[PDB]
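Novice: What follows is the file my_file33.cif, containing mmCIF, C-alpha atoms and all ligand atoms:
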data_model
#
loop_
_atom_site.label_atom_id
_atom_site.label_comp_id
_atom_site.auth_asym_id
_atom_site.auth_seq_id
_atom_site.Cartn_x
_atom_site.Cartn_y
_atom_site.Cartn_z
CA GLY F 1 0.00 0.00 0.00
CA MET F 2 1.60 3.21 1.26
CA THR F 3 5.40 3.53 1.19
CA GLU F 4 7.33 2.29 4.24
CA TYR F 5 10.69 3.76 5.28
CA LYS F 6 13.15 1.95 7.53
CA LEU F 7 15.17 4.59 9.43
CA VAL F 8 18.02 3.97 11.91
CA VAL F 9 19.25 6.52 14.44
CA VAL F 10 22.94 6.08 15.29
CA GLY F 11 25.43 8.05 17.31
CA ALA F 12 27.38 8.18 20.57
CA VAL F 13 25.61 7.56 23.87
CA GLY F 14 24.17 10.80 25.28
CA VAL F 15 23.73 12.74 22.05
CA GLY F 16 19.94 12.61 22.00
CA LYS F 17 18.94 9.67 19.77
CA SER F 18 16.12 8.52 22.05
CA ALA F 19 14.94 12.06 22.80
CA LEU F 20 14.82 12.88 19.08
CA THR F 21 13.00 9.64 18.31
CA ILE F 22 10.43 10.17 21.08
CA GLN F 23 9.86 13.81 20.08
CA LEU F 24 9.08 12.57 16.59
CA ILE F 25 6.74 9.78 17.68
CA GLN F 26 5.19 11.05 20.89
CA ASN F 27 5.56 14.84 20.60
CA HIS F 28 7.01 15.31 24.08
CA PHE F 29 10.52 15.78 25.47
CA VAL F 30 11.76 13.00 27.75
CA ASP F 31 14.91 14.10 29.55
CA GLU F 32 15.96 10.79 31.13
CA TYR F 33 15.28 7.94 28.73
CA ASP F 34 16.98 4.70 29.70
CA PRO F 35 20.31 4.90 27.82
CA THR F 36 20.42 1.11 27.37
CA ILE F 37 16.96 0.59 25.86
CA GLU F 38 17.00 -0.11 22.13
CA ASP F 39 13.66 -0.25 20.36
CA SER F 40 11.70 0.38 17.18
CA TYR F 41 8.82 2.81 16.74
CA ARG F 42 6.31 3.16 13.92
CA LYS F 43 4.32 6.23 12.91
CA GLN F 44 2.34 7.17 9.83
CA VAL F 45 3.21 10.67 8.68
CA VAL F 46 2.61 12.96 5.74
CA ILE F 47 5.75 14.10 3.96
CA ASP F 48 5.46 16.31 0.87
CA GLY F 49 1.73 15.66 0.51
CA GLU F 50 2.11 11.88 0.71
CA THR F 51 1.29 9.56 3.61
CA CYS F 52 4.03 7.12 4.53
CA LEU F 53 5.01 4.93 7.40
CA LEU F 54 8.24 5.37 9.27
CA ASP F 55 9.75 2.40 11.02
CA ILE F 56 12.46 3.87 13.27
CA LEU F 57 15.15 1.96 15.18
CA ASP F 58 16.65 3.86 18.10
CA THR F 59 20.03 2.16 18.57
CA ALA F 60 21.82 1.07 21.77
CA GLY F 61 24.21 -0.18 22.77
CA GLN F 62 27.18 -2.49 22.00
CA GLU F 63 28.37 -1.23 18.64
CA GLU F 64 30.89 -3.84 17.51
CA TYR F 65 30.48 -7.60 17.08
CA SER F 66 26.69 -7.49 17.32
CA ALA F 67 24.57 -9.63 14.96
CA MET F 68 21.46 -7.69 15.92
CA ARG F 69 23.17 -4.37 15.24
CA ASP F 70 24.57 -5.47 11.88
CA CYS F 71 21.10 -6.67 10.96
CA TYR F 72 19.59 -3.23 11.65
CA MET F 73 22.18 -1.63 9.38
CA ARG F 74 21.65 -4.15 6.56
CA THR F 75 17.91 -3.66 6.77
CA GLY F 76 17.88 0.10 7.42
CA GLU F 77 17.32 2.25 4.34
CA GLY F 78 18.53 5.54 5.78
CA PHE F 79 20.55 6.68 8.77
CA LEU F 80 20.41 9.67 11.08
CA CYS F 81 23.98 10.17 12.24
CA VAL F 82 23.64 12.20 15.42
CA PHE F 83 26.22 14.11 17.41
CA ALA F 84 25.69 16.69 20.18
CA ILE F 85 26.96 20.18 19.45
CA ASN F 86 28.64 20.41 22.88
CA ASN F 87 30.33 17.02 22.50
CA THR F 88 33.29 17.23 20.13
CA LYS F 89 34.19 13.55 20.40
CA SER F 90 30.68 12.55 19.33
CA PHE F 91 31.17 14.71 16.23
CA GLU F 92 34.66 13.34 15.59
CA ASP F 93 33.31 9.79 15.95
CA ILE F 94 30.65 10.29 13.22
CA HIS F 95 33.07 8.88 10.62
CA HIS F 96 33.17 5.61 12.59
CA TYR F 97 29.38 5.21 12.33
CA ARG F 98 29.47 6.03 8.64
CA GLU F 99 32.26 3.52 7.98
CA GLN F 100 30.34 0.78 9.82
CA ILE F 101 27.20 1.46 7.77
CA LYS F 102 29.04 1.47 4.43
CA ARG F 103 30.78 -1.75 5.47
CA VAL F 104 27.66 -3.65 6.52
CA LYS F 105 25.53 -2.46 3.58
CA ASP F 106 28.52 -2.78 1.21
CA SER F 107 27.58 0.34 -0.74
CA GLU F 108 29.22 3.65 -1.59
CA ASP F 109 25.99 5.63 -1.35
CA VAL F 110 23.58 5.07 1.54
CA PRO F 111 20.96 7.67 2.48
CA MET F 112 22.21 9.53 5.58
CA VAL F 113 21.63 12.85 7.33
CA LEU F 114 24.13 14.44 9.72
CA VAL F 115 22.25 15.82 12.73
CA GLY F 116 23.81 18.33 15.13
CA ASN F 117 21.65 17.93 18.24
CA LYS F 118 21.33 20.05 21.38
CA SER F 119 21.08 23.33 19.47
CA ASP F 120 19.34 24.91 22.49
CA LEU F 121 22.57 24.76 24.53
CA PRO F 122 24.49 28.07 24.75
CA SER F 123 27.95 26.47 24.82
CA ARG F 124 28.94 24.68 21.59
CA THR F 125 32.24 23.04 20.84
CA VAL F 126 31.37 22.07 17.27
CA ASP F 127 30.97 25.01 14.90
CA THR F 128 28.23 24.97 12.29
CA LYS F 129 30.91 25.47 9.62
CA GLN F 130 32.73 22.32 10.73
CA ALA F 131 29.61 20.15 10.66
CA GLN F 132 28.67 21.69 7.33
CA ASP F 133 32.12 20.93 5.96
CA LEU F 134 32.00 17.27 7.04
CA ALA F 135 28.48 16.81 5.64
CA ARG F 136 29.40 18.46 2.34
CA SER F 137 32.45 16.20 2.15
CA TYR F 138 30.19 13.19 2.77
CA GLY F 139 27.62 14.40 0.26
CA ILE F 140 24.82 14.38 2.84
CA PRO F 141 22.41 16.97 4.30
CA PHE F 142 23.27 18.50 7.67
CA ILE F 143 20.54 19.63 10.07
CA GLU F 144 20.74 21.23 13.52
CA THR F 145 18.09 20.06 16.00
CA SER F 146 16.94 20.35 19.56
CA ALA F 147 14.97 17.43 20.95
CA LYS F 148 14.38 19.65 23.98
CA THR F 149 12.50 22.40 22.13
CA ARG F 150 11.62 20.16 19.17
CA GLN F 151 13.23 22.59 16.73
CA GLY F 152 14.27 20.80 13.54
CA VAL F 153 13.10 17.36 14.67
CA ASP F 154 10.52 16.70 11.92
CA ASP F 155 12.94 18.32 9.52
CA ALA F 156 15.71 15.87 10.41
CA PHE F 157 13.53 12.80 9.81
CA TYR F 158 11.66 14.15 6.78
CA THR F 159 14.94 15.15 5.15
CA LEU F 160 16.24 11.60 5.59
CA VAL F 161 13.07 10.20 4.05
CA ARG F 162 13.64 12.62 1.17
CA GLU F 163 17.20 11.30 0.80
CA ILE F 164 15.81 7.78 0.59
CA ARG F 165 13.38 8.89 -2.13
CA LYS F 166 16.21 10.24 -4.30
CA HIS F 167 18.33 7.12 -3.81
CA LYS F 168 15.38 5.15 -5.18
CA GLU F 169 14.84 7.62 -8.08
CA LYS F 170 18.47 7.47 -9.24
CA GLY W 1 19.35 1.76 -7.55
CA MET W 2 19.20 -0.77 -8.77
CA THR W 3 16.23 -1.79 -6.64
CA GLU W 4 17.08 -4.05 -3.72
CA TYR W 5 14.77 -6.83 -2.59
CA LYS W 6 15.08 -8.28 0.91
CA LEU W 7 14.11 -11.96 0.91
CA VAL W 8 13.71 -14.35 3.85
CA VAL W 9 13.82 -18.14 3.52
CA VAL W 10 11.82 -20.00 6.14
CA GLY W 11 10.53 -23.49 6.89
CA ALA W 12 11.25 -26.65 8.88
CA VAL W 13 14.77 -27.89 9.52
CA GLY W 14 16.16 -30.07 6.73
CA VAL W 15 13.83 -28.90 3.94
CA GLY W 16 16.61 -27.32 1.90
CA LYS W 17 16.55 -23.60 2.81
CA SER W 18 20.37 -23.43 2.85
CA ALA W 19 20.78 -25.58 -0.25
CA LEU W 20 18.32 -23.45 -2.22
CA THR W 21 20.07 -20.27 -1.07
CA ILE W 22 23.55 -21.59 -1.77
CA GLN W 23 22.49 -22.85 -5.23
CA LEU W 24 21.23 -19.39 -6.08
CA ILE W 25 24.28 -17.64 -4.64
CA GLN W 26 27.13 -20.09 -5.29
CA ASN W 27 25.81 -22.33 -8.10
CA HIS W 28 26.30 -25.70 -6.40
CA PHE W 29 24.57 -28.22 -4.20
CA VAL W 30 25.43 -28.62 -0.52
CA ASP W 31 25.13 -31.81 1.47
CA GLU W 32 27.05 -30.58 4.52
CA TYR W 33 25.75 -27.20 5.63
CA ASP W 34 25.29 -26.87 9.39
CA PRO W 35 21.56 -26.90 10.19
CA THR W 36 21.98 -24.25 12.94
CA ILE W 37 23.81 -21.56 10.99
CA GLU W 38 21.78 -18.51 10.02
CA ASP W 39 23.49 -16.24 7.52
CA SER W 40 22.71 -13.74 4.77
CA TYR W 41 23.83 -13.37 1.15
CA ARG W 42 23.79 -10.79 -1.63
CA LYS W 43 23.53 -11.31 -5.37
CA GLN W 44 23.00 -8.86 -8.22
CA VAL W 45 20.72 -10.31 -10.91
CA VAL W 46 18.46 -9.28 -13.78
CA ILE W 47 14.83 -10.22 -13.26
CA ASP W 48 12.35 -9.52 -16.08
CA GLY W 49 14.66 -6.84 -17.46
CA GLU W 50 15.29 -5.25 -14.07
CA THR W 51 18.83 -5.24 -12.79
CA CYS W 52 18.44 -5.58 -9.02
CA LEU W 53 20.08 -6.68 -5.81
CA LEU W 54 18.87 -9.60 -3.73
CA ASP W 55 19.62 -9.65 0.00
CA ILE W 56 18.68 -13.11 1.22
CA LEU W 57 18.43 -14.30 4.78
CA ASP W 58 18.75 -18.06 5.16
CA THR W 59 17.09 -18.71 8.51
CA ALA W 60 17.89 -21.47 11.03
CA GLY W 61 16.74 -22.18 14.57
CA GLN W 62 13.52 -23.39 16.16
CA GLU W 63 13.54 -21.23 19.29
CA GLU W 64 10.08 -20.81 20.80
CA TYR W 65 11.12 -17.27 21.76
CA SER W 66 13.27 -15.26 19.34
CA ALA W 67 13.73 -11.50 19.09
CA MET W 68 15.68 -11.90 15.85
CA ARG W 69 12.83 -13.82 14.22
CA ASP W 70 10.21 -11.25 15.20
CA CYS W 71 12.63 -8.80 13.64
CA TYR W 72 13.34 -10.35 10.27
CA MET W 73 9.64 -11.15 9.90
CA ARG W 74 9.01 -7.40 10.36
CA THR W 75 11.65 -6.16 7.94
CA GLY W 76 11.70 -8.89 5.27
CA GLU W 77 9.83 -7.87 2.13
CA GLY W 78 9.08 -11.39 0.90
CA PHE W 79 9.17 -14.92 2.31
CA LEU W 80 10.08 -18.15 0.60
CA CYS W 81 8.14 -20.76 2.56
CA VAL W 82 9.94 -24.05 1.98
CA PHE W 83 8.85 -27.62 2.67
CA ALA W 84 10.22 -30.89 1.25
CA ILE W 85 8.02 -33.10 -0.92
CA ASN W 86 9.20 -36.22 0.91
CA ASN W 87 8.46 -34.77 4.36
CA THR W 88 4.78 -34.50 5.26
CA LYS W 89 5.37 -32.74 8.60
CA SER W 90 7.38 -29.95 6.95
CA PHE W 91 4.37 -29.35 4.67
CA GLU W 92 2.05 -29.20 7.67
CA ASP W 93 4.56 -26.85 9.31
CA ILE W 94 4.10 -24.26 6.53
CA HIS W 95 0.94 -23.01 8.30
CA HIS W 96 3.06 -22.25 11.38
CA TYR W 97 5.53 -20.04 9.50
CA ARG W 98 2.81 -18.32 7.45
CA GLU W 99 0.72 -17.43 10.50
CA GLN W 100 3.79 -16.09 12.40
CA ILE W 101 4.65 -13.81 9.47
CA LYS W 102 1.07 -12.55 9.17
CA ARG W 103 0.85 -11.66 12.86
CA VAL W 104 4.18 -9.81 12.83
CA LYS W 105 3.30 -7.89 9.64
CA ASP W 106 -0.32 -7.43 10.77
CA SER W 107 -1.38 -8.35 7.24
CA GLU W 108 -3.16 -11.02 5.21
CA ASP W 109 -1.22 -9.85 2.15
CA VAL W 110 2.46 -10.49 2.74
CA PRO W 111 4.56 -11.38 -0.34
CA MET W 112 5.28 -15.11 -0.14
CA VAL W 113 5.92 -18.08 -2.40
CA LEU W 114 5.26 -21.68 -1.39
CA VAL W 115 8.29 -23.82 -2.31
CA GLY W 116 8.16 -27.60 -2.67
CA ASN W 117 11.81 -28.67 -2.57
CA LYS W 118 13.65 -31.98 -3.26
CA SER W 119 11.67 -32.59 -6.45
CA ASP W 120 14.51 -34.87 -7.59
CA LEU W 121 13.65 -37.56 -5.02
CA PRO W 122 11.30 -40.43 -5.97
CA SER W 123 10.47 -40.83 -2.27
CA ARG W 124 7.48 -38.46 -2.53
CA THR W 125 4.86 -38.02 0.23
CA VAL W 126 3.31 -34.64 -0.55
CA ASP W 127 1.39 -34.59 -3.84
CA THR W 128 1.61 -31.63 -6.21
CA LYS W 129 -2.14 -31.01 -5.91
CA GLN W 130 -1.95 -30.63 -2.12
CA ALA W 131 0.76 -28.01 -2.43
CA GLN W 132 -1.01 -26.20 -5.24
CA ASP W 133 -4.19 -26.19 -3.13
CA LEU W 134 -2.41 -24.76 -0.05
CA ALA W 135 -0.82 -21.97 -2.12
CA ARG W 136 -4.14 -21.14 -3.78
CA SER W 137 -5.78 -20.94 -0.36
CA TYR W 138 -3.08 -18.42 0.58
CA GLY W 139 -3.28 -16.62 -2.76
CA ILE W 140 0.43 -17.12 -3.39
CA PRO W 141 2.45 -18.91 -6.09
CA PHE W 142 3.68 -22.47 -5.73
CA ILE W 143 7.06 -23.45 -7.20
CA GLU W 144 8.62 -26.94 -7.35
CA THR W 145 12.40 -26.92 -6.87
CA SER W 146 15.40 -29.16 -6.48
CA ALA W 147 18.53 -27.63 -4.95
CA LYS W 148 20.26 -30.85 -6.06
CA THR W 149 19.56 -30.40 -9.79
CA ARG W 150 18.95 -26.62 -9.58
CA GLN W 151 15.54 -27.17 -11.17
CA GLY W 152 13.22 -24.28 -10.34
CA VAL W 153 15.70 -22.46 -8.08
CA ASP W 154 16.02 -19.12 -9.90
CA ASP W 155 12.30 -19.27 -10.66
CA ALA W 156 11.44 -19.63 -6.93
CA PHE W 157 13.39 -16.56 -5.89
CA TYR W 158 12.41 -14.54 -8.95
CA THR W 159 8.75 -15.33 -8.44
CA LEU W 160 9.00 -14.06 -4.86
CA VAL W 161 10.43 -10.80 -6.24
CA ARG W 162 7.38 -10.63 -8.57
CA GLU W 163 5.08 -11.03 -5.56
CA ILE W 164 6.87 -8.16 -3.85
CA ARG W 165 6.48 -5.90 -6.90
CA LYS W 166 2.73 -6.61 -6.99
CA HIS W 167 2.34 -5.75 -3.34
CA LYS W 168 4.44 -2.57 -3.48
CA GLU W 169 2.42 -1.00 -6.29
CA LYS W 170 -0.88 -1.88 -4.61
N1 LIG E 201 19.70 20.44 26.15
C1 LIG E 201 19.33 19.36 25.41
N2 LIG E 201 19.40 18.15 25.99
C2 LIG E 201 19.07 17.03 25.31
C3 LIG E 201 18.60 17.14 23.93
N3 LIG E 201 18.33 15.88 23.52
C4 LIG E 201 18.60 15.05 24.54
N4 LIG E 201 19.03 15.74 25.61
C5 LIG E 201 19.45 15.20 26.91
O1 LIG E 201 20.64 14.45 26.70
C6 LIG E 201 20.64 13.29 27.53
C7 LIG E 201 20.76 12.06 26.63
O2 LIG E 201 19.66 12.01 25.73
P1 LIG E 201 19.24 10.59 25.10
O3 LIG E 201 18.01 10.72 24.25
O4 LIG E 201 19.05 9.60 26.22
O5 LIG E 201 20.59 10.25 24.26
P2 LIG E 201 20.90 8.82 23.53
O6 LIG E 201 21.75 8.00 24.49
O7 LIG E 201 21.64 9.21 22.30
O8 LIG E 201 19.61 8.19 23.13
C8 LIG E 201 19.32 13.29 28.28
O9 LIG E 201 19.53 13.90 29.56
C9 LIG E 201 18.45 14.21 27.46
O10 LIG E 201 17.55 14.91 28.30
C10 LIG E 201 18.54 18.49 23.36
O11 LIG E 201 18.16 18.66 22.19
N5 LIG E 201 18.92 19.53 24.14
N1 LIG E 202 18.05 -34.73 -2.93
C1 LIG E 202 17.94 -33.46 -2.47
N2 LIG E 202 18.50 -33.16 -1.27
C2 LIG E 202 18.41 -31.90 -0.78
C3 LIG E 202 17.70 -30.87 -1.53
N3 LIG E 202 17.77 -29.73 -0.81
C4 LIG E 202 18.47 -30.01 0.32
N4 LIG E 202 18.85 -31.31 0.32
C5 LIG E 202 19.57 -32.03 1.38
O1 LIG E 202 18.74 -32.01 2.54
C6 LIG E 202 19.53 -31.84 3.72
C7 LIG E 202 19.13 -30.55 4.42
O2 LIG E 202 19.36 -29.45 3.53
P1 LIG E 202 19.54 -27.96 4.13
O3 LIG E 202 19.62 -27.00 2.97
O4 LIG E 202 20.77 -27.90 5.01
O5 LIG E 202 18.17 -27.88 4.95
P2 LIG E 202 17.77 -26.65 5.90
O6 LIG E 202 17.91 -27.06 7.35
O7 LIG E 202 16.34 -26.27 5.55
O8 LIG E 202 18.64 -25.57 5.42
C8 LIG E 202 20.97 -31.78 3.26
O9 LIG E 202 21.51 -33.09 3.38
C9 LIG E 202 20.89 -31.41 1.79
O10 LIG E 202 21.95 -31.98 1.03
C10 LIG E 202 17.12 -31.27 -2.82
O11 LIG E 202 16.52 -30.42 -3.50
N5 LIG E 202 17.27 -32.55 -3.21
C1 LIG E 203 20.50 -9.94 9.68
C2 LIG E 203 19.21 -9.61 8.99
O1 LIG E 203 18.24 -9.26 9.63
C3 LIG E 203 19.09 -9.74 7.51
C4 LIG E 203 20.15 -9.85 6.60
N1 LIG E 203 19.63 -9.94 5.36
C5 LIG E 203 18.26 -9.88 5.41
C6 LIG E 203 17.28 -9.93 4.38
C7 LIG E 203 15.93 -9.86 4.72
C8 LIG E 203 15.55 -9.73 6.06
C9 LIG E 203 16.51 -9.68 7.07
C10 LIG E 203 17.88 -9.75 6.73
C1 LIG E 204 14.11 -5.72 13.80
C2 LIG E 204 14.59 -4.70 12.82
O1 LIG E 204 15.54 -5.00 12.10
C3 LIG E 204 13.94 -3.36 12.67
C4 LIG E 204 12.70 -2.96 13.17
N1 LIG E 204 12.50 -1.68 12.79
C5 LIG E 204 13.56 -1.22 12.05
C6 LIG E 204 13.83 0.04 11.43
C7 LIG E 204 15.01 0.24 10.73
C8 LIG E 204 15.95 -0.81 10.62
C9 LIG E 204 15.69 -2.03 11.23
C10 LIG E 204 14.48 -2.24 11.95
MG MG E 205 18.95 6.03 23.74
MG MG E 206 19.97 -24.34 6.97
#
Show this structure as structure tokens.

Specialist:
Amino acid sequence: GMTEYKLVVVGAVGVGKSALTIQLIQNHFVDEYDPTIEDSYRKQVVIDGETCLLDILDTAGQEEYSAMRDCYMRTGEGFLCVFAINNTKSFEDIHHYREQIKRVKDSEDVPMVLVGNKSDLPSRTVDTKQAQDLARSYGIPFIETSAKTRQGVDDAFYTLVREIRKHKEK
Amino acid sequence: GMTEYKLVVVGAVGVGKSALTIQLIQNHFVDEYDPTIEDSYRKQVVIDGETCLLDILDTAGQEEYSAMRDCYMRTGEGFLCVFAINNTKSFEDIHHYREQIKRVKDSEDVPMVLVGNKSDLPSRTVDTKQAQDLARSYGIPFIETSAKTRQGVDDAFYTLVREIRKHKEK
């Protein structure tokens, strides 16, 4: 029937993957979501005038040597690669997540969006220009979000769905 | 793409799920593939003029409780439901796999193909009419295969892809 999209949210612990996912699904901010809970959520949404169903996997935790994890990446069609703008390491680890995805899916072009989360925080350590430069280099959209205020949350997920559309159209 | 199709091979132990997958992927019979090993394969093929990528999960394991199973039944786009023509119980067991898949997908219309494997053996116990009747009742194709001779093997997988195309453009 209507088009389904398998989305996977990856990124360092603490960056806001669960908060972003819950804002999208449940439209509220949860500020203490169990950091170890990994789960999938479905929601029917309208993007660009068309209804579609998002199946979203909020990852956690053991990253390497995990059959379950590798399976999510094989199956996933698009990936939100999240870092927190006050957490430089989480930004400088993005490449690790990207490498793992390209490895498991064995493809040079996989739909991804770079998400700089925690935009509401006054102290950043990652400049917008830096994130922009990395995303441009990767050939992927970059979007700043705040799960706390909800700014950019729909935009992050809709943009990824749009990247999946193109991939299919090419 | 290059469309990708995610296929899942299911059915009772010993019916030939591995042998069918390995024939398709590696072009030879197997008589010594561990019954408990669950693994996935990729192959690029042309089906009806469409160059596409198959990602095939060869399932194994009869665990009453399985998070992985509930997962691949959710994400798999089409299901090869295999029984062996010399094994009456495996034929009966088809119902079990079908119903599991339906409940996980919450759908009566999940792309599947009924596969009657080991067609090379004279030791037959499940008649062609029985299998054709079961498939008709499910509204899915039935294909006779032999992973030994390779008879019907491409046709089984390709026909599942055709079922997926029908469903997607519904
Ligand atoms: N200030 C701010 N805090 C956030 C934001 N998103 C998540 N958090 C907080 O960051 C911590 C980790 O968030 P969480 O969703 O559990 O991160 P995860 O481990 O990546 O899933 C929690 O205390 C959240 O309240 C945000 O956009 N802004
Ligand atoms: N004669 C014959 N033997 C087969 C066929 N398919 C599988 N086998 C044999 O049946 C046994 C079980 O096959 P396997 O693929 O491992 O079954 P699985 O547990 O469903 O994967 C092995 O000894 C295979 O050699 C077939 O089409 N014809
Ligand atoms: C590991 C996993 O879940 C996997 C790998 N290939 C697949 C194809 C279809 C469904 C699940 C698959
Ligand atoms: C179990 C599984 O593989 C699964 C469930 N929802 C998903 C969304 C995206 C990728 C994998 C998913
Ligand atoms: Mg989390
Ligand atoms: Mg096997």

Novice: Taking all atoms listed in the file into account, which residues of chain W are within 9 Å of chain F, as a list in words?

Specialist: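 The complete set of qualifying residues is residues 1, 2, 3, 6, 55, 68, 72, 75, 76, 167, 168, 169 and 170 of chain W.
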
Novice: Env of region 143-160 of chain W: 10 Å cut, atoms = all atoms listed in the file, seq-sep filter 6 positions within chain, self excluded. Answer as a PDB file with C-alpha atoms, in the frame of the given file.

Specialist:
ATOM      1  CA  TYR W   5      14.770  -6.830  -2.590  1.00  0.00           C
ATOM      2  CA  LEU W   7      14.110 -11.960   0.910  1.00  0.00           C
ATOM      3  CA  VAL W   8      13.710 -14.350   3.850  1.00  0.00           C
ATOM      4  CA  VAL W   9      13.820 -18.140   3.520  1.00  0.00           C
ATOM      5  CA  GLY W  16      16.610 -27.320   1.900  1.00  0.00           C
ATOM      6  CA  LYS W  17      16.550 -23.600   2.810  1.00  0.00           C
ATOM      7  CA  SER W  18      20.370 -23.430   2.850  1.00  0.00           C
ATOM      8  CA  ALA W  19      20.780 -25.580  -0.250  1.00  0.00           C
ATOM      9  CA  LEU W  20      18.320 -23.450  -2.220  1.00  0.00           C
ATOM     10  CA  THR W  21      20.070 -20.270  -1.070  1.00  0.00           C
ATOM     11  CA  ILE W  22      23.550 -21.590  -1.770  1.00  0.00           C
ATOM     12  CA  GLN W  23      22.490 -22.850  -5.230  1.00  0.00           C
ATOM     13  CA  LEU W  24      21.230 -19.390  -6.080  1.00  0.00           C
ATOM     14  CA  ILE W  25      24.280 -17.640  -4.640  1.00  0.00           C
ATOM     15  CA  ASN W  27      25.810 -22.330  -8.100  1.00  0.00           C
ATOM     16  CA  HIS W  28      26.300 -25.700  -6.400  1.00  0.00           C
ATOM     17  CA  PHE W  29      24.570 -28.220  -4.200  1.00  0.00           C
ATOM     18  CA  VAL W  30      25.430 -28.620  -0.520  1.00  0.00           C
ATOM     19  CA  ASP W  31      25.130 -31.810   1.470  1.00  0.00           C
ATOM     20  CA  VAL W  45      20.720 -10.310 -10.910  1.00  0.00           C
ATOM     21  CA  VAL W  46      18.460  -9.280 -13.780  1.00  0.00           C
ATOM     22  CA  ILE W  47      14.830 -10.220 -13.260  1.00  0.00           C
ATOM     23  CA  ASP W  48      12.350  -9.520 -16.080  1.00  0.00           C
ATOM     24  CA  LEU W  54      18.870  -9.600  -3.730  1.00  0.00           C
ATOM     25  CA  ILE W  56      18.680 -13.110   1.220  1.00  0.00           C
ATOM     26  CA  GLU W  77       9.830  -7.870   2.130  1.00  0.00           C
ATOM     27  CA  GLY W  78       9.080 -11.390   0.900  1.00  0.00           C
ATOM     28  CA  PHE W  79       9.170 -14.920   2.310  1.00  0.00           C
ATOM     29  CA  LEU W  80      10.080 -18.150   0.600  1.00  0.00           C
ATOM     30  CA  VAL W  82       9.940 -24.050   1.980  1.00  0.00           C
ATOM     31  CA  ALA W  84      10.220 -30.890   1.250  1.00  0.00           C
ATOM     32  CA  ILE W  85       8.020 -33.100  -0.920  1.00  0.00           C
ATOM     33  CA  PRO W 111       4.560 -11.380  -0.340  1.00  0.00           C
ATOM     34  CA  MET W 112       5.280 -15.110  -0.140  1.00  0.00           C
ATOM     35  CA  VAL W 113       5.920 -18.080  -2.400  1.00  0.00           C
ATOM     36  CA  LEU W 114       5.260 -21.680  -1.390  1.00  0.00           C
ATOM     37  CA  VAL W 115       8.290 -23.820  -2.310  1.00  0.00           C
ATOM     38  CA  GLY W 116       8.160 -27.600  -2.670  1.00  0.00           C
ATOM     39  CA  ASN W 117      11.810 -28.670  -2.570  1.00  0.00           C
ATOM     40  CA  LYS W 118      13.650 -31.980  -3.260  1.00  0.00           C
ATOM     41  CA  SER W 119      11.670 -32.590  -6.450  1.00  0.00           C
ATOM     42  CA  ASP W 120      14.510 -34.870  -7.590  1.00  0.00           C
ATOM     43  CA  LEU W 121      13.650 -37.560  -5.020  1.00  0.00           C
ATOM     44  CA  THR W 128       1.610 -31.630  -6.210  1.00  0.00           C
ATOM     45  CA  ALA W 131       0.760 -28.010  -2.430  1.00  0.00           C
ATOM     46  CA  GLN W 132      -1.010 -26.200  -5.240  1.00  0.00           C
ATOM     47  CA  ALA W 135      -0.820 -21.970  -2.120  1.00  0.00           C
ATOM     48  CA  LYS W 166       2.730  -6.610  -6.990  1.00  0.00           C
TER      49      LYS W 166
END

Novice: As a compact mmCIF listing (two decimals) with C-alpha atoms, in the frame of the given file, please: every protein or nucleic acid residue near ligand MG 205 (chain E) (cut-off 9 Å, counting all atoms listed in the file).

Specialist:
# COMPACT_ATOMS: atom_id res chain seq x y z
CA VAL F 13 25.61 7.56 23.87
CA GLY F 14 24.17 10.80 25.28
CA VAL F 15 23.73 12.74 22.05
CA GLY F 16 19.94 12.61 22.00
CA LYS F 17 18.94 9.67 19.77
CA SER F 18 16.12 8.52 22.05
CA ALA F 19 14.94 12.06 22.80
CA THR F 21 13.00 9.64 18.31
CA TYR F 33 15.28 7.94 28.73
CA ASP F 34 16.98 4.70 29.70
CA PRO F 35 20.31 4.90 27.82
CA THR F 36 20.42 1.11 27.37
CA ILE F 37 16.96 0.59 25.86
CA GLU F 38 17.00 -0.11 22.13
CA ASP F 39 13.66 -0.25 20.36
CA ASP F 58 16.65 3.86 18.10
CA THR F 59 20.03 2.16 18.57
CA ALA F 60 21.82 1.07 21.77
CA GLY F 61 24.21 -0.18 22.77

Novice: Got a sec: who's within 12 Å of residue 134 (chain F), counting all atoms listed in the file, leaving out chain neighbours fewer than 2 positions off, as a PyMOL selection string?

Specialist: chain F and resi 81+91-95+98+113-116+126-132+136-142

Novice: Would you mind reading off the distance between atom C10 of ligand LIG 203 (chain E) and CA of residue 83 (chain W), one decimal, in Å?

Specialist: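 Straight-line distance from atom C10 of ligand LIG 203 (chain E) to CA of residue 83 (chain W) works out to 20.4 Å.
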
Novice: Distance CA of residue 100 (chain F)-CA of residue 43 (chain W), one decimal place?

Specialist: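 CA of residue 43 (chain W) lies at a distance of 20.6 Å from CA of residue 100 (chain F).
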